[PDB]
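Written below as structure tokens is the structure these notes are about.
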Amino acid sequence: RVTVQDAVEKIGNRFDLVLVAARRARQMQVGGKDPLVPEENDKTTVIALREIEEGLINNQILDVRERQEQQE
Amino acid sequence: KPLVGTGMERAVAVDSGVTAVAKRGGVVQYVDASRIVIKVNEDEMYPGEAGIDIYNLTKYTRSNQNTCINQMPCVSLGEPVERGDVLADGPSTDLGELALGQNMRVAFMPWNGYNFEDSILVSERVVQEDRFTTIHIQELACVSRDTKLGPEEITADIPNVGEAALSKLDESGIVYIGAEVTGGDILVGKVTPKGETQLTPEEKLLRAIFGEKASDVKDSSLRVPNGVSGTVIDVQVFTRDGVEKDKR
Amino acid sequence: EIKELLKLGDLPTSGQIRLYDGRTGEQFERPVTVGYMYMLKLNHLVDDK
Amino acid sequence: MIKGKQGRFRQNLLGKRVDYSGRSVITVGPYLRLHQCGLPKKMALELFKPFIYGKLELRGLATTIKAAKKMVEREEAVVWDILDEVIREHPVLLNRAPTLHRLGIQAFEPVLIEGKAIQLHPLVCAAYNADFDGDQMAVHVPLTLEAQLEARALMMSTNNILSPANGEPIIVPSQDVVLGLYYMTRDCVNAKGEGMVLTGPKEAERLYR
Amino acid sequence: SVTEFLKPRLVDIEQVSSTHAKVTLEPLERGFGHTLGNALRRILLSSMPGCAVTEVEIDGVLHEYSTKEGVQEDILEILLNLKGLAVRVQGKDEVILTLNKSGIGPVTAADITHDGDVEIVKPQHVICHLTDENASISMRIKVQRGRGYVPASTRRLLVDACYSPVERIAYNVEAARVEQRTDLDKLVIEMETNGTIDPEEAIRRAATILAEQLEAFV
Amino acid sequence: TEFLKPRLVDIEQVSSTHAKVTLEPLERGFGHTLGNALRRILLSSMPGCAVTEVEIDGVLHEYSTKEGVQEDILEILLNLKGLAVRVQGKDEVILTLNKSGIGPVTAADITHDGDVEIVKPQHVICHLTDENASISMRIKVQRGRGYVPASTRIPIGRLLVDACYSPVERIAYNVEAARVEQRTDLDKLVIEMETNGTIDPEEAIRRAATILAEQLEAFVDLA
Ligand SMILES: [Mg+2]
């Protein structure tokens, strides 16, 4: 990835984008839980941004999954 | 020699001081890389015992900003010399004329970017034939004080150091002249007597009995600063009066 | 005087010569200057920076 | 204790010698993209050192940490590969000396060159205001993953085409690029290839070459 | 030892669509990227055997700057369109075809007569366009075999001959890596052809031509 | 449609160092292509025999100075780096020089060896001024390409001297019209090389041709 304009409108704020992407990247770095999109030698953080742009990752989704496993 | 001067380079170089200007005319009896002897012309000879100048040129020595002050002889053997001429070129001098930089065949043209704001290409030739290359001469000074708990020792014996470091040192603890040191090598083997009074009054008891450590010395050797190569030229030793001079 | 001095050598009076581009081997249009500018090397050395 | 320069109120304001820092003289960097900063080898093996340790011991090339240290200090060929991997995407922050603007702490991706000079894309020499006549820029790095994402999202050199004060771009072709463009498009009344109809642009480039 | 030089390992053959290819080679020694790139560029653009339309004539016109009734386009427009035609021909050096037709609608390359050996690679390529049924297009087109670009001035209307099938060739050199030495030049040639032959075989032909040229030395 | 292959029609030795070769026949466009390719390849990828290490007897380290010789040690190494030698067969080889007495120390008095041959004996190495002063030295020589300084390739009397492995120093190619030959447009390509004498024109041009042919044959087959 080079620019992050596509991710701005997906999470409108450009800072909540940063923290949400950091949440997903931390999940994908040591919290296992491989990315849902293929990687191209990309770091975990860029994969998080990529999936955010793909729309399949958002703060709501992360919270839903965290709550679901916290019920376990 | 600058290819476009102003006629002031000659006087600046002559009168600056570092050009080893002659004193009496005559003939150059014996040139050398470190000395020029000038047979005086008969007329200028003193009433007695002339025929001697012995211009001691200055072989390599450090300047005040790490630039070698090297004087080379610019007279062929037997060539006559007149009073007040230039026997030996100084640093950045060429037959007397001041020569600060060097020529370089330039072509004002914007090449593919690499001279964008003010940058300057340079063909490998300028570095290949090695016409820009200085002789910076550093001066690392290592000292041996006498703090509390005994003096500092400059012995080659150092704990927690491999045989590689001690390979090039001398027995005293000082590197040999002409040792192609590199980053991290010990120039001087220096050590300190393991801190100070620590632990508990049992430690004072130990001091009364004296410790039981063969090493009993911390490593404080002065190494090459990280990131600089170099070939040691000279290693001077200075002694406080009342200290017997060691092997080095 | 510079024009005459150059003319003493065979070099062109303009002070400019055509330069070929080494990488491709074509000609630079717009002929270019070439001379001997006595350049220094100030002691702001990168490996001290 | 609550007064003077050593007063612990005005203490984090005076200035902190931050770690993972750097410096160098600057050099033009054509062939770089607009989000790449040519970083030296000899300085990129002393900035991402702990990252190299991590990716090295993890890969098992030298499990024990002291072995990893002695490997990197040994310049073994594998450490170059590992360093390339870690700096694959790990934005660095290039900061000029007087940081008046808020662009003066822009952040780039690294690409490794040889020698020792922090290359720098030409177009982004305006916001910095550097002039490549001895100007020196410092390289910081973001450690924590949040800081990495910030350096890639909020500060990356490709997300600051418009400067804060004036809306219009501050990535504006400056000195030689405009002379090249100017030369590349000028009406000459009569020259070679005058009076003809070639094709779309492709045959035009073919004609010129 | 001195004879040794890092040979490339052909890696990238990315063939975007059917004619635009982006080949890359690496790692080459310092500067070989530029010399190979320029040699290939010059040989490809300047000297490449091929066949292209050279001369065209209209039955009812003898002047270049005129027009035919019922034609939405103009004579020079048809000249440009024909210049863009991609055609490969059998070993016959040159041959003349005709575009006799009449009707309403676009007139493409497919409307051209097959004439045995000659085969147009892009029949769907557009040439002209008629609007009136009474309007009849008739014209002769001669195609020769050549090894370069022939402007009209360098020479019964004349069409600049683009014999070389390669249409564009741009080479860059970008620094690759091999262990420590990091000034090795990865070459990157993107070339696009008219369609009479894929870029791969074009590069093969250019390389073979250069190699045969150098053969006499060794 | 045919492509006239070139041939090395002549190799005239205008001077000892620099010389000119002529290539013929060549067709339009091929002239400048081959000329530039050959200039570029020749100016870099060639084998040489430049000195690499020097070991003077009474010299401890480079920045010192001996006696009886006006030249400082650094000037001696500079001149040796400028020395040109023609070495065949053996990869690397050691030479000796123990000239004694006043006068020049030109390369001629270097100790004789086998296939090693000093191309330019006149090239001064150093000078002697004191009668009972002798300069005894061992000079190593290997063969390589391009440029390899001391540091990259890195006792105490082992003075390392930067390599300068290259036989050529100025390559210029011109393209001109040839005889009628019943066919115009045939280009004569005259390539002049200014070499230090270690390498003859024919050998250099053929090696350049070979290296380029190999590099391009790496292009003949593609995936
Ligand atoms: Mg400035």
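Chain labels run A, B, ... following the order of the structure tokens; each chain numbers its residues from 1, and ligands are numbered from 1 in the order shown.
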
Handout entry: Residue list (alpha helix (DSSP H), DSSP) for region 55-180 of chain D, as an NGL selection string
Key = :D and (55-59 or 65-72 or 77-86 or 125-128 or 145-153 or 176-180)

Residues of chain B near chain D: apply a cut-off of 7 Å, count only C-alpha atoms, and supply the list as a list in words.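 Residues passing the distance filter: residues 113, 114, 116, 117, 118 and 119 of chain B.
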
For those residues, write C-alpha atoms to a file as a PDB file, in the first residue's frame.
```pdb
ATOM      1  CA  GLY B 113      18.358  14.791 -12.032  1.00  0.00           C
ATOM      2  CA  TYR B 114      21.406  13.913  -9.977  1.00  0.00           C
ATOM      3  CA  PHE B 116      18.866  18.787  -9.033  1.00  0.00           C
ATOM      4  CA  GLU B 117      19.105  21.635  -6.525  1.00  0.00           C
ATOM      5  CA  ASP B 118      22.861  22.125  -6.479  1.00  0.00           C
ATOM      6  CA  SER B 119      24.132  18.551  -6.451  1.00  0.00           C
TER       7      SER B 119
END
```

For ligand 1, the closest of D:37, D:126, D:147, D:172 counting only C-alpha atoms and all ligand atoms is D:126

Interface list for chain C, partner chain F, 9 Å threshold, only C-alpha atoms, as a PyMOL selection string: chain C and resi 22-26

Exercise for the section: Would you list the contacts of region 156-164 of chain B as a list in words, taking every protein, DNA or RNA residue within 8 Å and counting only C-alpha atoms, but skipping same-chain residues closer than 4 positions in sequence? Expected result: residues 168, 169, 170, 171, 172, 173, 174, 189, 190, 191, 215, 217, 218 and 219 of chain B

Exercise for review: Find the residues around residue 202 (chain F) up to 9 Å (only C-alpha atoms counted), leave out those fewer than 6 positions away in its own chain, and share them as a ChimeraX atom specification.
Suggested key: /F:8,11,21

Enter the distance from CA of residue 33 (chain B) to CA of residue 76 (chain B), in Å, rounded to one decimal.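 Between these atoms lies a distance of 11.8 Å.
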
(Q) With only C-alpha atoms as the counted atoms, please give the residues lying no more than 8 Å from residue 222 (chain F), apart from itself and same-chain residues fewer than 2 positions off, as a list in words. (A) residues 10, 13, 200 and 204 of chain E; 219 and 220 of chain F

For the selection you just gave me, I'd like the residues written to a file as an mmCIF file, in the first residue's frame, keeping N, CA, C and O atoms.
```cif
data_model
loop_
_atom_site.group_PDB
_atom_site.id
_atom_site.type_symbol
_atom_site.label_atom_id
_atom_site.label_comp_id
_atom_site.auth_asym_id
_atom_site.auth_seq_id
_atom_site.Cartn_x
_atom_site.Cartn_y
_atom_site.Cartn_z
ATOM 1 N N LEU E 10 16.274 -14.973 -16.618
ATOM 2 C CA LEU E 10 15.012 -14.466 -17.145
ATOM 3 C C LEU E 10 13.881 -14.739 -16.175
ATOM 4 O O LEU E 10 13.598 -15.895 -15.850
ATOM 5 N N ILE E 13 7.980 -12.030 -17.415
ATOM 6 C CA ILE E 13 7.461 -12.041 -18.773
ATOM 7 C C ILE E 13 6.033 -11.520 -18.740
ATOM 8 O O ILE E 13 5.194 -11.932 -19.547
ATOM 9 N N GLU E 200 7.557 -11.205 -26.803
ATOM 10 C CA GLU E 200 8.601 -12.183 -26.520
ATOM 11 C C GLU E 200 9.405 -12.501 -27.772
ATOM 12 O O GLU E 200 10.641 -12.420 -27.774
ATOM 13 N N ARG E 204 13.294 -11.835 -28.873
ATOM 14 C CA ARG E 204 14.124 -12.915 -29.390
ATOM 15 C C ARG E 204 14.769 -12.518 -30.710
ATOM 16 O O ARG E 204 15.965 -12.753 -30.920
ATOM 17 N N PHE F 219 19.677 -13.320 -23.415
ATOM 18 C CA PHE F 219 18.389 -12.783 -23.828
ATOM 19 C C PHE F 219 17.710 -13.592 -24.925
ATOM 20 O O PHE F 219 16.517 -13.387 -25.165
ATOM 21 N N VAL F 220 18.433 -14.486 -25.604
ATOM 22 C CA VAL F 220 17.887 -15.136 -26.794
ATOM 23 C C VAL F 220 16.655 -15.956 -26.439
ATOM 24 O O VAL F 220 15.634 -15.904 -27.133
#
```

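Interatomic distance, CA of residue 93 (chain D) against CA of residue 7 (chain A): 21.8 Å.
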
Sorted by chain and rising residue number, list the residues of chain B at most 7 Å from chain F (counting only C-alpha atoms), each with its closest atom pair and distance in Å to one decimal, as a Markdown table.
```
| residue | atom | partner | partner_atom | distance |
| --- | --- | --- | --- | --- |
| B:31 | CA | F:70 | CA | 6.2 |
| B:32 | CA | F:70 | CA | 4.1 |
| B:33 | CA | F:70 | CA | 4.1 |
| B:60 | CA | F:63 | CA | 6.8 |
| B:178 | CA | F:61 | CA | 4.7 |
| B:179 | CA | F:156 | CA | 6.1 |
| B:233 | CA | F:63 | CA | 6.7 |
```

Serialized selection, N, CA, C and O atoms, as a PDB file, in the first residue's frame:
```pdb
ATOM      1  N   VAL B  31      69.106  16.731  -1.686  1.00  0.00           N
ATOM      2  CA  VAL B  31      67.674  16.656  -1.450  1.00  0.00           C
ATOM      3  C   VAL B  31      67.360  15.386  -0.669  1.00  0.00           C
ATOM      4  O   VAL B  31      68.173  14.465  -0.576  1.00  0.00           O
ATOM      5  N   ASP B  32      66.175  15.349  -0.072  1.00  0.00           N
ATOM      6  CA  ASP B  32      65.702  14.151   0.605  1.00  0.00           C
ATOM      7  C   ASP B  32      64.225  14.336   0.906  1.00  0.00           C
ATOM      8  O   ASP B  32      63.689  15.441   0.821  1.00  0.00           O
ATOM      9  N   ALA B  33      63.572  13.236   1.269  1.00  0.00           N
ATOM     10  CA  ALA B  33      62.167  13.306   1.638  1.00  0.00           C
ATOM     11  C   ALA B  33      61.943  13.964   2.990  1.00  0.00           C
ATOM     12  O   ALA B  33      60.791  14.256   3.325  1.00  0.00           O
ATOM     13  N   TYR B  60      54.946  13.878   8.057  1.00  0.00           N
ATOM     14  CA  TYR B  60      53.528  13.928   8.399  1.00  0.00           C
ATOM     15  C   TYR B  60      53.297  14.206   9.878  1.00  0.00           C
ATOM     16  O   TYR B  60      53.881  13.554  10.744  1.00  0.00           O
ATOM     17  N   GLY B 178      52.457   1.384  13.050  1.00  0.00           N
ATOM     18  CA  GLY B 178      52.103   0.783  11.786  1.00  0.00           C
ATOM     19  C   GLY B 178      51.100  -0.333  11.896  1.00  0.00           C
ATOM     20  O   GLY B 178      51.041  -1.187  11.014  1.00  0.00           O
ATOM     21  N   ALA B 179      50.312  -0.355  12.960  1.00  0.00           N
ATOM     22  CA  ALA B 179      49.303  -1.382  13.151  1.00  0.00           C
ATOM     23  C   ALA B 179      48.006  -0.928  12.505  1.00  0.00           C
ATOM     24  O   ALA B 179      47.395   0.047  12.947  1.00  0.00           O
ATOM     25  N   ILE B 233      50.652   6.131  13.135  1.00  0.00           N
ATOM     26  CA  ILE B 233      51.945   6.680  12.739  1.00  0.00           C
ATOM     27  C   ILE B 233      52.884   6.627  13.931  1.00  0.00           C
ATOM     28  O   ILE B 233      53.925   5.964  13.888  1.00  0.00           O
TER      29      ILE B 233
END
```

Note to self: Please report the interatomic distance between CA of residue 88 (chain F) and CA of residue 144 (chain F) in Å with one decimal.
What the structure shows: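 Between CA of residue 88 (chain F) and CA of residue 144 (chain F) the gap works out to 12.7 Å.
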
Review point. What are the residues of chain F that have an atom within 10 Å of an atom of chain E, counting only C-alpha atoms, as an MDAnalysis selection string?
Key: chainID F and resid 1:8 26:30 32:34 36:41 44:48 91 143:146 202 205:223

Do a neighbour search on residue 124 (chain D) at 10 Å with only C-alpha atoms, toss out local chain neighbours closer than 6 positions, and write the hits as a PDB file with N, CA and C atoms, in the first residue's frame.
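This is the output file around-v9.pdb:
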```pdb
ATOM      1  N   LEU D  34       7.703   8.800  -4.973  1.00  0.00           N
ATOM      2  CA  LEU D  34       7.413   9.953  -4.129  1.00  0.00           C
ATOM      3  C   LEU D  34       7.108   9.567  -2.690  1.00  0.00           C
ATOM      4  N   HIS D  35       7.261   8.301  -2.335  1.00  0.00           N
ATOM      5  CA  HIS D  35       7.150   7.871  -0.953  1.00  0.00           C
ATOM      6  C   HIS D  35       8.288   6.941  -0.602  1.00  0.00           C
ATOM      7  N   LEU D 103       4.829  20.086   7.801  1.00  0.00           N
ATOM      8  CA  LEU D 103       5.434  19.133   6.880  1.00  0.00           C
ATOM      9  C   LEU D 103       6.874  18.810   7.233  1.00  0.00           C
ATOM     10  N   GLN D 106       7.717  15.075   7.876  1.00  0.00           N
ATOM     11  CA  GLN D 106       7.165  14.080   6.965  1.00  0.00           C
ATOM     12  C   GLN D 106       7.832  12.734   7.161  1.00  0.00           C
ATOM     13  N   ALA D 130      15.090  21.983   2.166  1.00  0.00           N
ATOM     14  CA  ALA D 130      16.487  21.612   1.979  1.00  0.00           C
ATOM     15  C   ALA D 130      16.982  22.027   0.602  1.00  0.00           C
ATOM     16  N   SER D 157       4.623  10.615   3.150  1.00  0.00           N
ATOM     17  CA  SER D 157       4.880  11.719   2.241  1.00  0.00           C
ATOM     18  C   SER D 157       3.909  11.764   1.084  1.00  0.00           C
ATOM     19  N   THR D 158       3.186  10.685   0.835  1.00  0.00           N
ATOM     20  CA  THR D 158       2.225  10.627  -0.250  1.00  0.00           C
ATOM     21  C   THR D 158       0.809  10.989   0.181  1.00  0.00           C
ATOM     22  N   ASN D 160       0.356  14.091   1.830  1.00  0.00           N
ATOM     23  CA  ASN D 160       0.516  15.504   2.144  1.00  0.00           C
ATOM     24  C   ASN D 160       0.880  16.271   0.887  1.00  0.00           C
ATOM     25  N   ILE D 161       0.093  16.095  -0.170  1.00  0.00           N
ATOM     26  CA  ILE D 161       0.327  16.893  -1.363  1.00  0.00           C
ATOM     27  C   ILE D 161      -0.063  18.348  -1.124  1.00  0.00           C
ATOM     28  N   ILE D 170       1.935  21.525  -2.516  1.00  0.00           N
ATOM     29  CA  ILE D 170       3.322  21.825  -2.184  1.00  0.00           C
ATOM     30  C   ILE D 170       4.262  20.732  -2.680  1.00  0.00           C
ATOM     31  N   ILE D 171       3.762  19.803  -3.484  1.00  0.00           N
ATOM     32  CA  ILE D 171       4.593  18.927  -4.298  1.00  0.00           C
ATOM     33  C   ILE D 171       4.515  19.525  -5.696  1.00  0.00           C
ATOM     34  N   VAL D 172       5.374  20.502  -5.967  1.00  0.00           N
ATOM     35  CA  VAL D 172       5.314  21.264  -7.212  1.00  0.00           C
ATOM     36  C   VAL D 172       6.664  21.155  -7.916  1.00  0.00           C
ATOM     37  N   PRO D 173       6.722  20.728  -9.181  1.00  0.00           N
ATOM     38  CA  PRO D 173       8.012  20.624  -9.873  1.00  0.00           C
ATOM     39  C   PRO D 173       8.784  21.934  -9.831  1.00  0.00           C
ATOM     40  N   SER D 174      10.085  21.852  -9.547  1.00  0.00           N
ATOM     41  CA  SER D 174      10.809  23.003  -9.022  1.00  0.00           C
ATOM     42  C   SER D 174      11.874  23.564  -9.959  1.00  0.00           C
TER      43      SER D 174
END
```
